[PDB]
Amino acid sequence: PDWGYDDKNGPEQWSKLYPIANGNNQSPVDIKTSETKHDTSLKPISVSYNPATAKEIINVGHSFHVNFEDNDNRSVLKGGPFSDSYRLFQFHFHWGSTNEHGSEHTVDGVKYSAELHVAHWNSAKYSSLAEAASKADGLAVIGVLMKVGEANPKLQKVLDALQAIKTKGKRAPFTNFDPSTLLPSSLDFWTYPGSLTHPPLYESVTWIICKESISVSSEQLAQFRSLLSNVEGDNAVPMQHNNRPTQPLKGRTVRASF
């Protein structure tokens, strides 16, 4: 692809090929808690996932993705700022080259060591991800900040699966998994209108950022970094990082559910 995370094709150069990188609705952002506004219309988040929708784990070169069956509404996100249910599509992570900064979002300028994204599309209004993905109301992503510390045993199915998808394009079945198990105990959240965090950078995402973090150990993060961006047979190139810097708020308000 024409983009990545290296100095030659990374975030600071994505605007040349994707000019919306310099848009007014870009993600991630720093959440300044003193500036958030409470919206009394927000409802709690409700996640209702069916573990039989887990389908496949895929090495996509710059990251890896756990896909869910995309056929019906068996797994949905509801509540929060939404009127419509959104259909679970995938989850994935971002991480950094150091434990010091691997998240995408930051809170009061604090950088976490990784971030979980649980992505959904608006199957009430639209009929495919392809149709929804460029629409302002098309996508919803739950972000969870991951604080380095004790090993998180909830990650073990995912981490154990990585040995079968070492290089770019490899994939393997990944079944019987409810990714709400990866979320924090409480689903208190912030929300703002933003974008996918890598190309094509569409401004189509309602972000739901959990207030509570989850843990991850330094060795678990090293397992992400040990994934390889090259194809099989080519000299091994580790996926050392895949987190975008925070982007200007440009007048948006971050709403708080608490």
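The first residue of the shown sequence is 1; numbering continues from there. Heads up, when I say rigid core I mean the largest set of C-alphas that superpose within 1.5 Å between the two forms.
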item	value
Greatest C-alpha divergence in 8 other deposited structures of this protein once each structure is fitted on the rigid core, 160-168 or 68-76	68-76
Average Cα temperature factor in the PDB entry - higher stretch of 78-86, 166-174	78-86
Entry-level comparison of average CA B-factors, 246-254 and 6-14, reporting the higher stretch	6-14
Residue, from 213, 48, 27, 67, that the PDB entry assigns the highest Cα B-factor	48
219, 203, 56, 35, ranked by C-alpha B-factor: the highest one	35
Chain-relative CA temperature factor third for residue 127	highest
Among modelled residues of the same chain, the CA temperature factor third for residue 97	highest
Third of chain Cα B-factors occupied by residue 197	lowest
Third of the chain's Cα B-factor distribution that residue 230 belongs to, per the entry	middle
Third of the chain's Cα B-factor distribution that residue 117 belongs to, per the entry	lowest
